[PDB]
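Containing PDB, C-alpha atoms (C1' of nucleotides): coords.pdb.
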ATOM      1  CA  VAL A   2       4.964  22.791 -24.084
ATOM      2  CA  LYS A   3       5.019  23.073 -27.867
ATOM      3  CA  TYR A   4       4.458  26.196 -29.954
ATOM      4  CA  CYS A   5       1.058  27.165 -31.313
ATOM      5  CA  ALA A   6       2.429  27.705 -34.831
ATOM      6  CA  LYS A   7       5.671  27.154 -36.698
ATOM      7  CA  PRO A   8       7.417  29.897 -38.695
ATOM      8  CA  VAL A   9       7.221  29.839 -42.477
ATOM      9  CA  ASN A  10      11.022  29.984 -42.836
ATOM     10  CA  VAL A  11      12.941  28.705 -39.817
ATOM     11  CA  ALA A  12      16.090  30.362 -41.181
ATOM     12  CA  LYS A  13      14.594  33.858 -40.765
ATOM     13  CA  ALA A  14      12.860  33.578 -37.394
ATOM     14  CA  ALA A  15      13.678  33.556 -33.691
ATOM     15  CA  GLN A  16      11.795  32.047 -30.769
ATOM     16  CA  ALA A  17      11.446  32.582 -27.037
ATOM     17  CA  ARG A  18       9.159  30.925 -24.531
ATOM     18  CA  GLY A  19       8.295  30.913 -20.852
ATOM     19  CA  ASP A  20       6.371  28.191 -19.014
ATOM     20  CA  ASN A  21       4.469  28.422 -15.716
ATOM     21  CA  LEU A  22       5.275  32.122 -15.453
ATOM     22  CA  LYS A  23       4.133  33.600 -12.131
ATOM     23  CA  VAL A  24       2.090  36.384 -13.713
ATOM     24  CA  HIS A  25      -1.641  36.908 -14.112
ATOM     25  CA  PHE A  26      -3.107  35.440 -17.288
ATOM     26  CA  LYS A  27      -5.844  38.032 -17.801
ATOM     27  CA  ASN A  28      -3.362  40.894 -17.487
ATOM     28  CA  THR A  29      -0.745  39.275 -19.725
ATOM     29  CA  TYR A  30      -3.334  38.135 -22.265
ATOM     30  CA  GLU A  31      -4.354  41.750 -22.848
ATOM     31  CA  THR A  32      -0.768  43.043 -22.884
ATOM     32  CA  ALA A  33       0.362  40.472 -25.450
ATOM     33  CA  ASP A  34      -2.634  41.452 -27.573
ATOM     34  CA  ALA A  35      -1.395  45.048 -27.714
ATOM     35  CA  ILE A  36       2.141  44.315 -28.944
ATOM     36  CA  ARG A  37       1.052  41.797 -31.586
ATOM     37  CA  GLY A  38       2.107  42.858 -35.069
ATOM     38  CA  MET A  39       4.331  45.838 -34.315
ATOM     39  CA  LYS A  40       8.074  46.060 -34.832
ATOM     40  CA  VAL A  41      10.429  44.811 -32.141
ATOM     41  CA  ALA A  42      11.927  48.265 -31.598
ATOM     42  CA  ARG A  43       8.453  49.795 -31.359
ATOM     43  CA  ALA A  44       7.225  47.044 -29.034
ATOM     44  CA  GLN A  45      10.103  47.591 -26.609
ATOM     45  CA  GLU A  46       9.323  51.308 -26.560
ATOM     46  CA  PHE A  47       5.624  50.596 -26.020
ATOM     47  CA  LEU A  48       6.223  48.125 -23.194
ATOM     48  CA  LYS A  49       8.565  50.566 -21.457
ATOM     49  CA  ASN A  50       5.974  53.345 -21.592
ATOM     50  CA  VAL A  51       3.372  51.010 -20.086
ATOM     51  CA  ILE A  52       5.621  50.501 -17.062
ATOM     52  CA  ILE A  53       5.831  54.233 -16.309
ATOM     53  CA  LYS A  54       2.133  54.648 -17.134
ATOM     54  CA  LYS A  55       2.575  56.648 -20.338
ATOM     55  CA  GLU A  56       0.690  54.365 -22.750
ATOM     56  CA  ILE A  57      -2.410  52.302 -22.077
ATOM     57  CA  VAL A  58      -3.091  48.584 -22.445
ATOM     58  CA  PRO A  59      -6.747  48.333 -23.556
ATOM     59  CA  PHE A  60      -8.499  45.573 -21.603
ATOM     60  CA  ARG A  61     -10.848  44.636 -24.410
ATOM     61  CA  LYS A  62     -12.243  41.300 -23.209
ATOM     62  CA  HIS A  63     -11.680  41.168 -19.435
ATOM     63  CA  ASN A  64     -13.132  44.576 -18.604
ATOM     64  CA  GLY A  65     -15.358  43.865 -15.616
ATOM     65  CA  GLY A  66     -14.912  46.750 -13.210
ATOM     66  CA  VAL A  67     -11.880  48.112 -15.061
ATOM     67  CA  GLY A  68     -11.842  51.883 -14.819
ATOM     68  CA  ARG A  69     -11.811  54.248 -17.764
ATOM     69  CA  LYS A  70      -8.737  56.256 -18.717
ATOM     70  CA  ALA A  71      -7.922  59.210 -20.940
ATOM     71  CA  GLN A  72      -5.425  57.286 -23.084
ATOM     72  CA  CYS A  73      -8.045  54.808 -24.362
ATOM     73  CA  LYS A  74      -9.326  57.174 -27.064
ATOM     74  CA  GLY A  75      -9.200  55.736 -30.571
ATOM     75  CA  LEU A  76      -8.807  52.078 -29.585
ATOM     76  CA  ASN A  77     -12.580  51.368 -29.581
ATOM     77  CA  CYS A  78     -12.069  50.311 -25.950
ATOM     78  CA  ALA A  79     -13.122  52.596 -23.105
ATOM     79  CA  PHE A  80     -11.109  50.670 -20.497
ATOM     80  CA  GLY A  81      -7.404  50.154 -19.966
ATOM     81  CA  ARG A  82      -4.736  49.656 -17.342
ATOM     82  CA  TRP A  83      -0.951  49.612 -16.932
ATOM     83  CA  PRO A  84       0.080  46.076 -15.964
ATOM     84  CA  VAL A  85       3.658  46.483 -14.783
ATOM     85  CA  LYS A  86       4.473  42.885 -13.857
ATOM     86  CA  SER A  87       3.136  41.412 -17.097
ATOM     87  CA  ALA A  88       4.884  44.052 -19.197
ATOM     88  CA  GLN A  89       8.184  43.303 -17.456
ATOM     89  CA  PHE A  90       7.889  39.563 -18.119
ATOM     90  CA  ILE A  91       7.308  40.111 -21.839
ATOM     91  CA  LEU A  92      10.231  42.546 -21.911
ATOM     92  CA  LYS A  93      12.499  39.764 -20.659
ATOM     93  CA  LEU A  94      11.213  37.367 -23.325
ATOM     94  CA  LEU A  95      11.445  39.961 -26.097
ATOM     95  CA  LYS A  96      15.067  40.552 -25.124
ATOM     96  CA  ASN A  97      15.762  36.809 -25.033
ATOM     97  CA  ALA A  98      14.315  36.250 -28.504
ATOM     98  CA  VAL A  99      16.338  39.163 -29.881
ATOM     99  CA  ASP A 100      19.595  37.594 -28.686
ATOM    100  CA  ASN A 101      18.460  34.378 -30.360
ATOM    101  CA  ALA A 102      17.882  36.334 -33.571
ATOM    102  CA  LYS A 103      21.326  37.943 -33.377
ATOM    103  CA  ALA A 104      23.023  34.561 -32.970
ATOM    104  CA  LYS A 105      21.185  33.407 -36.095
ATOM    105  CA  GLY A 106      22.518  36.543 -37.795
ATOM    106  CA  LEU A 107      19.199  38.218 -38.594
ATOM    107  CA  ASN A 108      18.716  41.979 -38.888
ATOM    108  CA  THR A 109      17.217  43.279 -35.647
ATOM    109  CA  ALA A 110      15.868  46.450 -37.275
ATOM    110  CA  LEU A 111      13.666  44.356 -39.597
ATOM    111  CA  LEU A 112      12.068  42.018 -37.037
ATOM    112  CA  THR A 113       8.401  42.202 -36.046
ATOM    113  CA  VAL A 114       6.380  40.399 -33.366
ATOM    114  CA  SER A 115       4.438  38.239 -35.793
ATOM    115  CA  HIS A 116       3.211  35.544 -33.387
ATOM    116  CA  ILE A 117       2.649  35.920 -29.649
ATOM    117  CA  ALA A 118       0.276  33.677 -27.692
ATOM    118  CA  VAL A 119      -0.582  33.199 -24.018
ATOM    119  CA  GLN A 120      -1.969  29.950 -22.598
ATOM    120  CA  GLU A 121      -3.349  29.003 -19.200
ATOM    121  CA  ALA A 122      -1.149  27.014 -16.825
ATOM    122  CA  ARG A 123      -1.647  24.867 -13.745
ATOM    123  CA  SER A 124      -2.746  26.839 -10.692
ATOM    124  CA  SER A 125      -1.338  26.749  -7.167
ATOM    125  CA  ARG A 126      -3.717  26.616  -4.212
ATOM    126  CA  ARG A 127      -3.755  28.529  -0.932
ATOM    127  CA  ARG A 128      -6.119  28.831   2.019
ATOM    128  CA  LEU A 129      -8.366  31.807   2.771
ATOM    129  CA  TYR A 130      -9.979  31.462   6.188
ATOM    130  CA  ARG A 131     -13.569  32.693   5.985
ATOM    131  CA  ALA A 132     -16.246  33.236   8.611
ATOM    132  CA  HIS A 133     -18.226  30.484  10.346
ATOM    133  CA  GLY A 134     -15.295  28.075  10.213
ATOM    134  CA  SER A 135     -14.810  28.001   6.437
ATOM    135  CA  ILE A 136     -11.725  27.793   4.233
ATOM    136  CA  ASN A 137     -11.604  28.814   0.579
ATOM    137  CA  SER A 138      -9.123  28.648  -2.288
ATOM    138  CA  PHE A 139      -6.557  31.386  -2.960
ATOM    139  CA  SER A 140      -5.371  30.297  -6.386
ATOM    140  CA  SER A 141      -2.751  31.777  -8.679
ATOM    141  CA  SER A 142      -3.243  32.264 -12.423
ATOM    142  CA  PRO A 143       0.111  31.566 -14.100
ATOM    143  CA  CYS A 144       0.585  31.319 -17.863
ATOM    144  CA  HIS A 145       2.859  30.265 -20.708
ATOM    145  CA  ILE A 146       4.034  32.835 -23.260
ATOM    146  CA  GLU A 147       5.417  32.064 -26.727
ATOM    147  CA  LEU A 148       7.083  34.682 -28.914
ATOM    148  CA  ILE A 149       8.151  34.441 -32.562
ATOM    149  CA  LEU A 150       9.901  37.234 -34.471
ATOM    150  CA  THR A 151      10.061  37.289 -38.268
ATOM    151  CA  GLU A 152      11.439  39.749 -40.784
ATOM    152  CA  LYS A 153       8.999  41.951 -42.679
ATOM    153  CA  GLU A 154       9.094  41.638 -46.465
ATOM    154  CA  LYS A 155       6.928  42.809 -49.342
ATOM    155  CA  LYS A 156       4.460  40.341 -50.843
TER     156      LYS A 156
ATOM    157  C1'   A B   1     -27.262  54.696 -41.336
ATOM    158  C1'   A B   2     -22.283  52.715 -40.101
ATOM    159  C1'   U B   3     -18.434  49.946 -36.842
ATOM    160  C1'   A B   4     -16.583  45.102 -36.192
ATOM    161  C1'   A B   5     -13.483  46.285 -30.433
ATOM    162  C1'   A B   6     -16.505  42.855 -27.576
ATOM    163  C1'   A B   7     -20.097  38.480 -29.041
ATOM    164  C1'   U B   8     -21.267  34.232 -31.832
ATOM    165  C1'   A B   9     -20.307  29.886 -35.211
ATOM    166  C1'   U B  10     -16.832  26.120 -38.042
ATOM    167  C1'   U B  11     -11.856  23.900 -38.769
ATOM    168  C1'   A B  12      -6.379  23.345 -37.813
ATOM    169  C1'   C B  13      -2.522  23.818 -33.898
ATOM    170  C1'   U B  14      -1.202  24.538 -28.743
ATOM    171  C1'   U B  15      -2.739  24.571 -23.797
ATOM    172  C1'   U B  16      -5.727  22.941 -18.445
ATOM    173  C1'   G B  17      -7.916  17.798 -17.671
ATOM    174  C1'   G B  18      -7.151  12.815 -17.515
ATOM    175  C1'   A B  19     -11.629  10.061 -20.598
ATOM    176  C1'   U B  20     -10.795   6.317 -24.246
ATOM    177  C1'   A B  21      -7.678   2.189 -26.214
ATOM    178  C1'   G B  22      -3.632  -1.403 -25.198
ATOM    179  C1'   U B  23      -1.653  -3.839 -20.313
ATOM    180  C1'   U B  24      -1.095  -6.248 -15.296
ATOM    181  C1'   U B  25       4.143  -8.647  -9.814
ATOM    182  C1'   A B  26      -3.309  -6.975  -7.546
ATOM    183  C1'   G B  27      -7.957  -8.757  -6.046
ATOM    184  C1'   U B  28     -12.729 -12.222  -5.840
ATOM    185  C1'   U B  29     -14.783 -17.176  -5.711
ATOM    186  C1'   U B  30     -14.484 -22.549  -5.525
ATOM    187  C1'   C B  31     -11.685 -26.721  -4.623
ATOM    188  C1'   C B  32      -7.307 -30.016  -2.456
ATOM    189  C1'   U B  33      -3.719 -30.776   1.774
ATOM    190  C1'   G B  34      -2.907 -29.264   6.623
ATOM    191  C1'   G B  35      -5.086 -26.675  10.704
ATOM    192  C1'   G B  36       1.746 -27.671  13.066
ATOM    193  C1'   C B  37       1.241 -21.215  19.299
ATOM    194  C1'   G B  38       2.304 -20.439  24.937
ATOM    195  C1'   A B  39       5.626 -20.523  32.132
ATOM    196  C1'   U B  40      11.262 -24.266  27.523
ATOM    197  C1'   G B  41       7.535 -17.207  28.232
ATOM    198  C1'   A B  42       3.316 -16.920  23.087
ATOM    199  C1'   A B  43       0.297 -13.310  19.961
ATOM    200  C1'   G B  44       0.780  -7.888  20.534
ATOM    201  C1'   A B  45       3.570  -3.428  21.725
ATOM    202  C1'   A B  46       8.203  -0.487  22.345
ATOM    203  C1'   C B  47      13.276   0.655  21.508
ATOM    204  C1'   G B  48      17.637  -0.368  18.913
ATOM    205  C1'   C B  49      20.844  -2.321  14.704
ATOM    206  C1'   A B  50      23.312  -0.964   7.562
ATOM    207  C1'   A B  51      29.857   2.804   5.389
ATOM    208  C1'   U B  52      26.743   6.575   3.565
ATOM    209  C1'   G B  53      18.677   5.346   5.773
ATOM    210  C1'   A B  54      13.692   8.951   6.997
ATOM    211  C1'   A B  55       9.988   5.150   5.916
ATOM    212  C1'   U B  56       9.694   0.057   4.608
ATOM    213  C1'   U B  57      12.128  -4.877   4.774
ATOM    214  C1'   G B  58      15.275  -8.295   7.828
ATOM    215  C1'   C B  59      17.247  -8.803  12.531
ATOM    216  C1'   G B  60      18.301  -8.503  18.443
ATOM    217  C1'   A B  61      23.985  -5.822  22.263
ATOM    218  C1'   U B  62      26.920 -12.191  17.933
ATOM    219  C1'   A B  63      22.191  -6.342  14.980
ATOM    220  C1'   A B  64      19.882  -5.599   6.742
ATOM    221  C1'   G B  65      23.364 -10.682  10.210
ATOM    222  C1'   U B  66      26.876 -15.670  13.129
ATOM    223  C1'   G B  67      27.977 -21.214  12.663
ATOM    224  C1'   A B  68      26.622 -25.769   9.935
ATOM    225  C1'   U B  69      24.901 -28.057   5.479
ATOM    226  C1'   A B  70      23.758 -27.308   0.318
ATOM    227  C1'   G B  71      25.310 -23.726  -3.415
ATOM    228  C1'   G B  72      28.862 -22.529  -7.274
ATOM    229  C1'   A B  73      31.173 -16.260  -9.138
ATOM    230  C1'   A B  74      28.710 -12.090  -7.732
ATOM    231  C1'   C B  75      26.778  -7.007  -5.740
ATOM    232  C1'   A B  76      26.297  -2.053  -7.406
ATOM    233  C1'   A B  77      23.590   4.615  -6.305
ATOM    234  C1'   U B  78      28.767   5.667  -4.792
ATOM    235  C1'   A B  79      33.059   4.190  -2.736
ATOM    236  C1'   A B  80      36.145   0.258   0.295
ATOM    237  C1'   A B  81      37.661  -4.563   1.855
ATOM    238  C1'   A B  82      36.909  -9.660   1.065
ATOM    239  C1'   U B  83      36.277 -13.703  -2.584
ATOM    240  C1'   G B  84      37.295 -20.931  -6.401
ATOM    241  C1'   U B  85      41.771 -21.595   0.680
ATOM    242  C1'   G B  86      34.450 -20.606  -1.710
ATOM    243  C1'   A B  87      30.897 -14.213  -3.362
ATOM    244  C1'   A B  88      25.754 -14.212  -3.775
ATOM    245  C1'   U B  89      21.664 -17.368  -2.440
ATOM    246  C1'   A B  90      18.494 -21.396   0.478
ATOM    247  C1'   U B  91      17.060 -23.572   5.304
ATOM    248  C1'   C B  92      11.265 -27.219   9.929
ATOM    249  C1'   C B  93      19.291 -27.371  11.815
ATOM    250  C1'   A B  94      23.169 -24.957  15.914
ATOM    251  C1'   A B  95      24.282 -20.892  18.867
ATOM    252  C1'   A B  96      22.145 -16.242  20.190
ATOM    253  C1'   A B  97      17.667 -13.808  21.204
ATOM    254  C1'   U B  98      17.199  -5.856  24.305
ATOM    255  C1'   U B  99      12.355  -3.469  27.435
ATOM    256  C1'   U B 100       7.716  -5.325  27.947
ATOM    257  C1'   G B 101       3.373  -8.235  27.214
ATOM    258  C1'   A B 102      -0.814 -14.339  30.403
ATOM    259  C1'   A B 103       3.742 -11.297  32.906
ATOM    260  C1'   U B 104       4.562 -14.358  37.349
ATOM    261  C1'   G B 105       9.212 -11.138  43.966
ATOM    262  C1'   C B 106       7.315  -5.713  44.978
ATOM    263  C1'   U B 107       6.033  -1.240  42.488
ATOM    264  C1'   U B 108       4.801   0.866  37.623
ATOM    265  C1'   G B 109       1.601   7.093  34.849
ATOM    266  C1'   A B 110       4.690   9.157  30.631
ATOM    267  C1'   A B 111       8.059   5.210  36.776
ATOM    268  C1'   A B 112      12.858   7.027  37.709
ATOM    269  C1'   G B 113      13.258   2.062  41.076
ATOM    270  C1'   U B 114      13.877  -1.751  44.496
ATOM    271  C1'   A B 115      13.914  -6.767  48.749
ATOM    272  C1'   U B 116      16.106 -11.584  50.007
ATOM    273  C1'   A B 117      18.826 -16.037  48.756
ATOM    274  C1'   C B 118      22.482 -18.635  45.512
ATOM    275  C1'   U B 119      26.540 -18.370  42.062
ATOM    276  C1'   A B 120      31.719  -5.631  43.911
ATOM    277  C1'   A B 121      29.263  -5.876  38.722
ATOM    278  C1'   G B 122      26.620  -9.767  35.976
ATOM    279  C1'   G B 123      23.246 -14.041  35.914
ATOM    280  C1'   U B 124      19.390 -17.248  38.167
ATOM    281  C1'   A B 125      14.956 -18.238  41.937
ATOM    282  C1'   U B 126      10.997 -16.205  44.822
ATOM    283  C1'   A B 127       2.942 -14.098  41.912
ATOM    284  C1'   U B 128      -2.118 -16.974  42.465
ATOM    285  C1'   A B 129      -4.547 -21.621  42.437
ATOM    286  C1'   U B 130      -3.223 -26.648  42.319
ATOM    287  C1'   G B 131      -1.492 -32.988  42.289
ATOM    288  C1'   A B 132       2.180 -36.331  44.249
ATOM    289  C1'   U B 133       6.267 -37.129  47.703
ATOM    290  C1'   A B 134       9.414 -35.426  51.811
ATOM    291  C1'   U B 135       9.944 -32.609  56.315
ATOM    292  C1'   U B 136       8.398 -29.290  60.302
ATOM    293  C1'   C B 137       4.326 -28.118  63.085
ATOM    294  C1'   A B 138      -1.237 -26.955  65.098
ATOM    295  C1'   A B 139      -5.797 -28.689  67.428
ATOM    296  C1'   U B 140      -7.321 -33.538  73.835
ATOM    297  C1'   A B 141     -10.615 -33.456  67.188
ATOM    298  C1'   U B 142     -10.866 -39.505  68.740
ATOM    299  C1'   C B 143      -8.490 -42.765  71.923
ATOM    300  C1'   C B 144      -5.027 -42.926  75.507
ATOM    301  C1'   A B 145      -0.265 -44.112  79.688
TER     302        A B 145
END

Can I see the file as C-alpha cells?
Amino acid sequence: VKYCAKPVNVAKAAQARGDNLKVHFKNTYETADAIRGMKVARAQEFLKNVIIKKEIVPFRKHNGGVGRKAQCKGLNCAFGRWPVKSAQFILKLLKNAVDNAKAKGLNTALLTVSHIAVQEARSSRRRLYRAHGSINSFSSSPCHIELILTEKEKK
RNA sequence: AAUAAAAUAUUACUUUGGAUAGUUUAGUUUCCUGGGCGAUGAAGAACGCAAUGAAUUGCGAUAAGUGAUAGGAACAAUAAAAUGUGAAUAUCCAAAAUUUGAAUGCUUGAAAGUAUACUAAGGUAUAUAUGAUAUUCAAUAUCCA
C-alpha cells in the first residue's frame, strides 16, 4: 500500500505505516483526525490522556448514538469518546516514526504530525446465528494508517 | 445576524473492488480413419506402493516401476547412490498383476470366515444353464429267454 502524499523534502521527514491493522476504522478515523497538525510531543501527551479518559476524541462525522460528554466544549462537536485500542495503535506508530526520524538525524523537538491518513481495509467474515434458522455476517473493520512527520519552519 | 464542525460539489493521490484492454496448454461444431472389451475374469469399486506425499498422476507384494528392443547424457525442492560397461525417454513386446466386481464351492452388513480333492503353509479345481464324447446307473417304457 502506497502513501497518500509524498513529503516536500524527503531529507527532513520520517514515515511510519501499518496495514490491515485489527482496529476499528470509524474509531481510528476520528482519533487520527484529532492529532493531525499538532507537535509530536503534544500528540503523544494527548494520546496518553485519551487512554486514561482525560481528554476527549470528538466523533464529528460518525456520531450516531454517541453520547455527549463534558470535555466536548469548544470543539463545535457535542459528542466524543475515548477509544483506547485505536489510540494505542497510533501510539505505536508515532513511536516507530520517531525512531525513523532519529536515525535520519532530525530534531525530535521540531517535528509535527503533518500528514496522517486512515484507509479502509479488507474485512474478515464470521457467522452470527439468528432466529428461524438464519446466519448473518460478523465482519471486522480493519484499516491502514500512514504517518508522516515534518519539521516546522517559518514561511 | 453569524459559524463552517457536519453536508454538498470539482480535481489530484491513495485505498476496497475486479470492470476494461492485451493473451490462451481450454471448449464447440463439421469432416476423415477405425469402432480393436469379457470365464485366458472385463468395465466399475476398494486398499496399498515414492528417501522426504495429503491430493493428483503412474503402478500392483517384482509397487511413481522389472526385462527386452530403440534411445543417446540427464534429473533437481533438498540431499544420496548409480551412470558412455549406457542416465533420462518411448513401446499394440516379455514377465508380473493385492481385495472385489458377470463373480462362478459356501457365506458376506461395515463379515471376521470356511468345506472337499490334488500338488504344515502356499497354489489350483469344484456356481447355474448348456453341446459333443466316455463311463456308471434308473424305469418290464417296448420286446424278450

For chain B, report every residue with an atom at most 7 Å from chain A (counting all atoms listed in the file), formatted as a list in words.
residues 5, 6, 13, 14, 15 and 16 of chain B

To test your reading of the syntax: which residues would the PyMOL selection byres ((chain A and resi 29) around 9) return for the file shown? Reply as an mmCIF file with C-alpha atoms, in the frame of the given file.
data_model
loop_
_atom_site.group_PDB
_atom_site.id
_atom_site.type_symbol
_atom_site.label_atom_id
_atom_site.label_comp_id
_atom_site.auth_asym_id
_atom_site.auth_seq_id
_atom_site.Cartn_x
_atom_site.Cartn_y
_atom_site.Cartn_z
ATOM 1 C CA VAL A 24 2.090 36.384 -13.713
ATOM 2 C CA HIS A 25 -1.641 36.908 -14.112
ATOM 3 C CA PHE A 26 -3.107 35.440 -17.288
ATOM 4 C CA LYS A 27 -5.844 38.032 -17.801
ATOM 5 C CA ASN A 28 -3.362 40.894 -17.487
ATOM 6 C CA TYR A 30 -3.334 38.135 -22.265
ATOM 7 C CA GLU A 31 -4.354 41.750 -22.848
ATOM 8 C CA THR A 32 -0.768 43.043 -22.884
ATOM 9 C CA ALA A 33 0.362 40.472 -25.450
ATOM 10 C CA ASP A 34 -2.634 41.452 -27.573
ATOM 11 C CA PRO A 84 0.080 46.076 -15.964
ATOM 12 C CA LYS A 86 4.473 42.885 -13.857
ATOM 13 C CA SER A 87 3.136 41.412 -17.097
ATOM 14 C CA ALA A 88 4.884 44.052 -19.197
ATOM 15 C CA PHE A 90 7.889 39.563 -18.119
ATOM 16 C CA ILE A 91 7.308 40.111 -21.839
ATOM 17 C CA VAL A 119 -0.582 33.199 -24.018
ATOM 18 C CA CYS A 144 0.585 31.319 -17.863
ATOM 19 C CA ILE A 146 4.034 32.835 -23.260
#

Let me make sure I understand: among A:45, A:97, A:89, A:108, which one has the smallest atom-to-atom distance to residue 17 of chain A if we use all atoms listed in the file?
A:97

Once the PyMOL selection byres ((chain A and resi 153) around 10) is applied to the coordinates I shared, what remains selected? I want it as a list in words.
residues 40, 110, 111, 112, 113, 114, 115, 150, 151, 152, 154, 155 and 156 of chain A

Separation of atom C1' of residue 17 of chain B from atom CA of residue 140 of chain A in Å:
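Taking atom CA of residue 140 of chain A and atom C1' of residue 17 of chain B, their separation equals 17.0 Å.
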
List the neighbours of segment 41-49 of chain B out to 8 Å using all atoms listed in the file; skip same-chain residues closer than 6 positions along the sequence, and give me the result as a ChimeraX atom specification.
/B:59-60,63,98-101
